[PDB]
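These notes are about the structure you will find just below.
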Amino acid sequence: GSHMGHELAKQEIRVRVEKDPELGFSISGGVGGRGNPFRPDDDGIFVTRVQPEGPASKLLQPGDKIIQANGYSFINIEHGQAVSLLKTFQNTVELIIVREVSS
Amino acid sequence: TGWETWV
């Protein structure tokens with residue numbers, strides 16, 4: 001019917017992940033990369049899981065889709081391009097995530 | 001298999 005906002009639906013939030021010594025999470029998927037085992041028709045980037053419960057513990061959740069990173073769009077891009085971008089970033093890494101909604 | 005990459 002219309003765009004959602006103040007209700008249960010596809011939201012758009014940002015997260016601040018400071019690298020010290022590193023981010024603390026892995027990424028999967030990508031257009032032409034190794035592939036993502038979460039979505040069949042979607043070849044985007046997903047945060048499969050987290051190891052250290054500190055940097056991306058309360059920020060990012062397992063199985064989330066990354067829409068944008070530090071201004072660089074992560075849609076329709078190749079995996080190798082996504083990883084290279086995340087690694088080159090300075091200390092504080094600002095990212096945008098979204099939670100799907102389908103009943 | 002390999003697919004997950006830790007950044």
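Ligands are numbered from 1 in the order shown, residues from 1 within each chain, and chains are lettered A, B, ... in the order they appear in the structure tokens.
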Please list as a list in words every residue within 9 Å of residue B:4, counting only C-alpha atoms and excluding residues in the same chain fewer than 5 positions away.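 Those residues are residues 26, 27, 28, 29, 34, 35, 36, 47, 48 and 49 of chain A.
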Could you list, as number ranges by chain, every residue within 9 Å of residue A:87, counting only C-alpha atoms and ignoring same-chain residues fewer than 6 positions away? A: 22-23; B: 7
Could you write out, as JSON, numbers by chain, all the residues of chain A that DSSP marks as strand (DSSP E or B)? {"A": [13, 14, 15, 16, 17, 18, 25, 26, 27, 28, 29, 35, 45, 46, 50, 65, 66, 67, 68, 69, 72, 73, 92, 93, 94, 95, 96, 97, 98]}
Selection export as an mmCIF file, in the first residue's frame, atoms kept: N, CA, C and O atoms:
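result30.cif, written as the output of this step:
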```
data_model
loop_
_atom_site.group_PDB
_atom_site.id
_atom_site.type_symbol
_atom_site.label_atom_id
_atom_site.label_comp_id
_atom_site.auth_asym_id
_atom_site.auth_seq_id
_atom_site.Cartn_x
_atom_site.Cartn_y
_atom_site.Cartn_z
ATOM 1 N N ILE A 13 18.719 1.224 9.601
ATOM 2 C CA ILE A 13 19.543 1.730 10.703
ATOM 3 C C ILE A 13 21.034 1.669 10.383
ATOM 4 O O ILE A 13 21.468 0.920 9.508
ATOM 5 N N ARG A 14 21.813 2.472 11.111
ATOM 6 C CA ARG A 14 23.260 2.530 10.928
ATOM 7 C C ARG A 14 23.988 2.015 12.167
ATOM 8 O O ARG A 14 23.447 2.052 13.273
ATOM 9 N N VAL A 15 25.215 1.538 11.977
ATOM 10 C CA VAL A 15 26.015 1.018 13.082
ATOM 11 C C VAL A 15 27.459 1.504 12.996
ATOM 12 O O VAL A 15 28.016 1.630 11.905
ATOM 13 N N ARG A 16 28.061 1.771 14.152
ATOM 14 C CA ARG A 16 29.442 2.239 14.214
ATOM 15 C C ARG A 16 30.360 1.141 14.761
ATOM 16 O O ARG A 16 30.337 0.837 15.953
ATOM 17 N N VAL A 17 31.162 0.548 13.878
ATOM 18 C CA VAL A 17 32.084 -0.517 14.270
ATOM 19 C C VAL A 17 33.530 -0.038 14.196
ATOM 20 O O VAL A 17 34.064 0.189 13.109
ATOM 21 N N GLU A 18 34.160 0.114 15.355
ATOM 22 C CA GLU A 18 35.544 0.567 15.419
ATOM 23 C C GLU A 18 36.506 -0.614 15.348
ATOM 24 O O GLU A 18 36.371 -1.582 16.095
ATOM 25 N N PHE A 25 33.875 -9.696 12.536
ATOM 26 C CA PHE A 25 32.772 -10.399 11.883
ATOM 27 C C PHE A 25 33.128 -10.773 10.445
ATOM 28 O O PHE A 25 33.985 -10.144 9.822
ATOM 29 N N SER A 26 32.469 -11.809 9.928
ATOM 30 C CA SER A 26 32.715 -12.283 8.568
ATOM 31 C C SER A 26 31.551 -11.941 7.640
ATOM 32 O O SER A 26 30.408 -11.819 8.081
ATOM 33 N N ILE A 27 31.853 -11.801 6.351
ATOM 34 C CA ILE A 27 30.836 -11.489 5.349
ATOM 35 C C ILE A 27 30.770 -12.585 4.290
ATOM 36 O O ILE A 27 31.778 -13.223 3.985
ATOM 37 N N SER A 28 29.584 -12.804 3.735
ATOM 38 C CA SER A 28 29.399 -13.830 2.715
ATOM 39 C C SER A 28 28.475 -13.340 1.606
ATOM 40 O O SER A 28 27.816 -12.308 1.743
ATOM 41 N N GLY A 29 28.436 -14.087 0.506
ATOM 42 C CA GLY A 29 27.593 -13.720 -0.616
ATOM 43 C C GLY A 29 28.346 -12.936 -1.672
ATOM 44 O O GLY A 29 29.536 -13.168 -1.893
ATOM 45 N N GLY A 35 29.414 -17.197 -2.779
ATOM 46 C CA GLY A 35 27.988 -17.456 -2.637
ATOM 47 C C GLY A 35 27.516 -17.353 -1.197
ATOM 48 O O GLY A 35 28.295 -17.559 -0.267
ATOM 49 N N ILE A 45 25.355 -9.183 0.264
ATOM 50 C CA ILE A 45 26.332 -9.455 1.317
ATOM 51 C C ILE A 45 25.628 -9.660 2.658
ATOM 52 O O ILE A 45 24.772 -8.863 3.043
ATOM 53 N N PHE A 46 25.980 -10.738 3.364
ATOM 54 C CA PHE A 46 25.361 -11.041 4.655
ATOM 55 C C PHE A 46 26.412 -11.335 5.725
ATOM 56 O O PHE A 46 27.464 -11.906 5.438
ATOM 57 N N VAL A 50 29.338 -13.971 14.052
ATOM 58 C CA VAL A 50 30.287 -13.128 14.775
ATOM 59 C C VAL A 50 31.113 -13.971 15.750
ATOM 60 O O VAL A 50 30.618 -14.960 16.289
ATOM 61 N N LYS A 65 21.624 -8.175 6.193
ATOM 62 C CA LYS A 65 22.074 -7.760 4.868
ATOM 63 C C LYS A 65 22.666 -6.353 4.902
ATOM 64 O O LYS A 65 22.057 -5.424 5.430
ATOM 65 N N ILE A 66 23.859 -6.204 4.326
ATOM 66 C CA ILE A 66 24.532 -4.907 4.282
ATOM 67 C C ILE A 66 24.135 -4.143 3.020
ATOM 68 O O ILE A 66 24.394 -4.602 1.908
ATOM 69 N N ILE A 67 23.485 -2.991 3.197
ATOM 70 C CA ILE A 67 23.035 -2.185 2.070
ATOM 71 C C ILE A 67 24.088 -1.164 1.637
ATOM 72 O O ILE A 67 24.324 -0.977 0.443
ATOM 73 N N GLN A 68 24.705 -0.490 2.605
ATOM 74 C CA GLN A 68 25.711 0.526 2.300
ATOM 75 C C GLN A 68 26.823 0.549 3.347
ATOM 76 O O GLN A 68 26.599 0.225 4.513
ATOM 77 N N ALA A 69 28.022 0.940 2.920
ATOM 78 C CA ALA A 69 29.170 1.012 3.816
ATOM 79 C C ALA A 69 30.000 2.272 3.562
ATOM 80 O O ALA A 69 30.534 2.464 2.470
ATOM 81 N N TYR A 72 29.802 3.840 0.287
ATOM 82 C CA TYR A 72 29.894 2.965 -0.878
ATOM 83 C C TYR A 72 28.760 1.946 -0.871
ATOM 84 O O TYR A 72 28.557 1.233 0.113
ATOM 85 N N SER A 73 28.020 1.884 -1.974
ATOM 86 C CA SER A 73 26.905 0.950 -2.092
ATOM 87 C C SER A 73 27.416 -0.478 -2.253
ATOM 88 O O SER A 73 28.418 -0.710 -2.928
ATOM 89 N N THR A 92 37.162 3.753 12.681
ATOM 90 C CA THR A 92 35.711 3.702 12.836
ATOM 91 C C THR A 92 35.028 3.405 11.504
ATOM 92 O O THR A 92 35.189 4.144 10.533
ATOM 93 N N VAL A 93 34.265 2.312 11.466
ATOM 94 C CA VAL A 93 33.556 1.910 10.258
ATOM 95 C C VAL A 93 32.046 2.038 10.441
ATOM 96 O O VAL A 93 31.441 1.292 11.209
ATOM 97 N N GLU A 94 31.440 2.982 9.726
ATOM 98 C CA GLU A 94 29.999 3.194 9.805
ATOM 99 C C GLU A 94 29.293 2.401 8.710
ATOM 100 O O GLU A 94 29.640 2.511 7.534
ATOM 101 N N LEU A 95 28.321 1.581 9.106
ATOM 102 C CA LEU A 95 27.590 0.746 8.156
ATOM 103 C C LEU A 95 26.077 0.870 8.336
ATOM 104 O O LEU A 95 25.594 1.273 9.393
ATOM 105 N N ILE A 96 25.341 0.499 7.291
ATOM 106 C CA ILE A 96 23.882 0.536 7.311
ATOM 107 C C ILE A 96 23.320 -0.870 7.098
ATOM 108 O O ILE A 96 23.719 -1.565 6.163
ATOM 109 N N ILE A 97 22.411 -1.291 7.974
ATOM 110 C CA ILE A 97 21.815 -2.625 7.877
ATOM 111 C C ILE A 97 20.289 -2.566 7.842
ATOM 112 O O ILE A 97 19.687 -1.533 8.147
ATOM 113 N N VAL A 98 19.676 -3.683 7.453
ATOM 114 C CA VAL A 98 18.223 -3.772 7.356
ATOM 115 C C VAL A 98 17.717 -5.163 7.752
ATOM 116 O O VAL A 98 18.399 -6.169 7.549
#
```
When you count only C-alpha atoms, which of these residues is closest to chain B: A:3, A:80, A:10, A:75? A:80
Per DSSP on the backbone, filter chain A down to the residues in helix (DSSP H, G or I) and report them as a list in words.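 Filtering chain A to helix (DSSP H, G or I) leaves residues 79, 80, 81, 82, 83, 84, 85, 86, 87 and 88 of chain A.
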I'd like the interatomic distance between atom CA of residue B:1 and atom CA of residue A:89, to a tenth of an Å.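 Computed distance, atom CA of residue B:1 to atom CA of residue A:89, equals 27.9 Å.
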